[PDB]
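Consider the single chain below, provided in structure tokens and representing the form deposited in one PDB entry.
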């Protein structure tokens, strides 16, 4: 592993957890996501990080939504990196959560302008 975070890193466990354990209970179809702008990424840095996206939302959909947050067109480059890996466009946000939720009932992710975790 070699991922760098600040919002998802700063927000204590009791926080990322408190929010998650609630967003999960309150929203069974949604998944608390902590998107991030991978290091060295040739894209704009995000100050939101938090994302309340559904659970059926495919990676392809999630992208298009983040692309705007960074100002990228479908043609533009933008790759998601969770736990330092790239999720399948066919996979659903809900899956990434259950398959990459780093505890705290949260799901943190990254995005770079390359096929590598920004770096």
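Positions refer to the first chain, counted from 1.
The same protein has a further form, the form solved in complex with a partner chain, not shown here; the description that follows concerns it.
Can you tell me if residue 19 lies within 4.5 angstroms of the partner chain in the bound PDB entry, counting non-hydrogen atoms only?
Residue 19 belongs to the contact set for the partner chain.
Using heavy atoms and a 4.5 Å limit, would one call residue 54 a contact residue for the partner chain in the bound PDB entry?
Close contact exists here: in the bound PDB entry, residue 54 approaches the partner chain to within 4.5 Å, heavy atoms only.
Might residue 5 be said to contact the partner chain in the bound PDB entry, defining contact as any heavy atom within 4.5 Å?
Residue 5: no, not in contact with the partner chain in the bound PDB entry.
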